[PDB]
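Heavy atoms only: backbone and side chains are in, while hydrogens, waters and symmetry mates are out. Numbering starts at 1 and runs along the sequence shown. Indexing begins at 1, ligand by ligand and atom by atom, following the structure's order.
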Amino acid sequence: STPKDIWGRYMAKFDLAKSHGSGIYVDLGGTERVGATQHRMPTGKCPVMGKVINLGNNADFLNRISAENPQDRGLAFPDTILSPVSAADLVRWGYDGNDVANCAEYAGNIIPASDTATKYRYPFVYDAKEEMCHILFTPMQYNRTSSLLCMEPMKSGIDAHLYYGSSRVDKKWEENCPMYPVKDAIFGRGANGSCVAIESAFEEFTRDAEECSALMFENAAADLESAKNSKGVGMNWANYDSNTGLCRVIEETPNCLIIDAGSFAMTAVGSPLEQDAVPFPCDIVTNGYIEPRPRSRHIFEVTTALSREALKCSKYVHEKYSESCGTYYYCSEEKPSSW
Ligand SMILES: [Ca+2]
């Protein structure tokens with residue numbers, strides 16, 4: 001069938017407006033009355049790996065907001081115990097999903113004292129390394145050593161094992177959300193029976209996938225500077241070429257992939273680490289253009305494919321190794337050195 005068609009099942013997760021549906025960088029996509037007041041809160045459906053909040057006082061954001069020393073205060077629930085709780089605790093208490101899902105459901109069952117009927121819920125951060133579930137005392141994420149109240153989100157490689165989310169996290173987050181870089185992949189959209197690489201919103205050389213991930217994250221869907229809501233729209237995806245270090249951040253929704261060894265197709269919600277990648281899906285076969293075609297006022301367009309029959313080529317066919325699928329084919333102007 002068409003590229004859009006044969007990719008449709010695999011690529012649904014990458015449509016972050018649908019699978020997540022709220023801001024990623026800053027998620028304040030919901031509002032709820034608590035008494036007389038409206039308050040904004042996160043409502044995104046995917047957990048966001050590696051999202052930490054950097055604080056003005058330089059305290060780790062998972063410290064209690066009620067630490068004795070003001071220099072120590074984070075964003076975590078005070079001890080006056082709701083929080084943090086262990087993954088095992090949550091299973092003790094009857095929760096039946098994975099740990100990240102349990103943590104989200106647990107955040108969903110903690111109701112603000114000031115009003116016992118509010119639909120208002122706090123965010124969580126699940127630490128997969130310590131297996132501990134933290135409830136945050138505030139949905140604040142971005143605000144201009146200062147105070148704790150001076151803050152911004154960042155995507156952190158070494159905290160890749162942290163998951164920031166809202167109580168609306170999909171129980172099936174792991175299958176429905178793009179949580180992993182796709183190895184040997186470039187994001188594209190279907191055009192004229194091929195998968196064509198999506199043009200960069202902007203590009204920069206970065207030192208590793210994590211840096212590329214952090215660059216894109218800063219520009220991802222953000223529910224502030226009601227009408228301040230992103231609906232999940234933003235520069236949410238990036239192609240990291242591990243051979244060149246070129247990070248291409250994109251803002252169009254991908255709906256297919258092009259195979260290309262050494263390239264990593266990353267998203268603002270998913271792991272920042274190459275280590276966490278998932279192999280290219282060898283079973284889904286289409287012809288791809290590796291290079292974009294942006295608007296330009298000024299040669300040969302390399303195509304790739306997992307099979308010789310699928311590859312559209314008007315010159316020489318070569319073979320290249322990929323970790324994901326072993327050998328695949330590309331169309332080049334050079335004659336094979338086998339010849
Ligand atoms: Ca149960």
Side-chain angles (χ1 to χ4, degrees), residues 9-10 12-16 18-24 27-34 39-53 60-66 74-139 141 159-180 232 267 269-271 276 278:
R9 202 170 111 257
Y10 188 81
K13 66 181 84 67
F14 289 92
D15 189 347
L16 284 164
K18 303 195 206 295
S19 59
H20 188 241
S22 182
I24 296 171
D27 174 5
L28 292 175
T31 315
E32 305 289 337
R33 164 151 47 233
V34 41
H39 285 82
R40 294 184 87 193
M41 69 189 204
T43 57
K45 288 179 306 199
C46 298
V48 183
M49 295 181 80
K51 172 165 166 170
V52 302
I53 312 297
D60 183 64
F61 75 131
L62 298 191
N63 292 4
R64 306 196 184 265
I65 198 170
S66 62
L75 259 27
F77 249 56
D79 51 344
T80 59
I81 287 199
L82 318 243
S83 179
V85 298
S86 82
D89 276 350
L90 255 22
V91 22
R92 213 122 50 204
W93 297 337
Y95 294 86
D96 302 318
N98 54 44
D99 299 330
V100 168
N102 291 354
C103 189
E105 186 175 349
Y106 176 70
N109 287 337
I110 284 153
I111 308 156
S114 70
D115 177 4
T116 106
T118 192
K119 281 153 144 149
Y120 186 91
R121 297 295 184 266
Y122 296 100
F124 75 89
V125 177
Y126 175 70
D127 185 338
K129 202 186 174 213
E130 297 307 310
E131 295 176 348
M132 292 291 294
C133 176
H134 304 260
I135 312 299
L136 297 192
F137 200 58
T138 171
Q141 300 157 67
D159 276 328
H161 55 284
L162 267 38
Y163 296 74
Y164 188 101
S166 90
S167 69
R168 289 169 196 189
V169 159
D170 196 344
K171 324 300 255 190
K172 292 146 87 177
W173 64 269
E174 258 207 290
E175 319 142 42
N176 283 341
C177 290
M179 305 307 305
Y180 315 104
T267 83
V269 301
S271 189
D276 286 338
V278 113

Which residue pairs pass the side-chain hydrogen bond (donor to acceptor under 3.5 Å, both in side chains) test with at least one member in residues 164-173, sequence neighbours excluded? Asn98-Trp173, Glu105-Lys171, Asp170-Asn176

With sequence neighbours excluded, give me every side-chain hydrogen bond (donor to acceptor under 3.5 Å, both in side chains) pair touching residues 113-127. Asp99-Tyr126

Which pair of non-hydrogen atoms, one from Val169 and one from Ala104, has the smallest distance, and what is that distance? CB-CB, 3.8 Å

Within a distance under 3.0 Å of the Ca ion (ligand 1), the protein atoms of type N, O or S are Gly94 O, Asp96 OD1, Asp96 OD2

Sorted by first residue and then second, give each disulfide (SG to SG under 2.5 Å) pair with at least one member in residues 87-136; sequence neighbours left out. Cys103-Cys133

Is the backbone of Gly30 close enough, under 3.5 Å, to the side chain of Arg40 for a donor and an acceptor to pair up by distance? no

Any side-chain heavy-atom pair from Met132 and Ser86 closer than 4.5 angstrom? yes

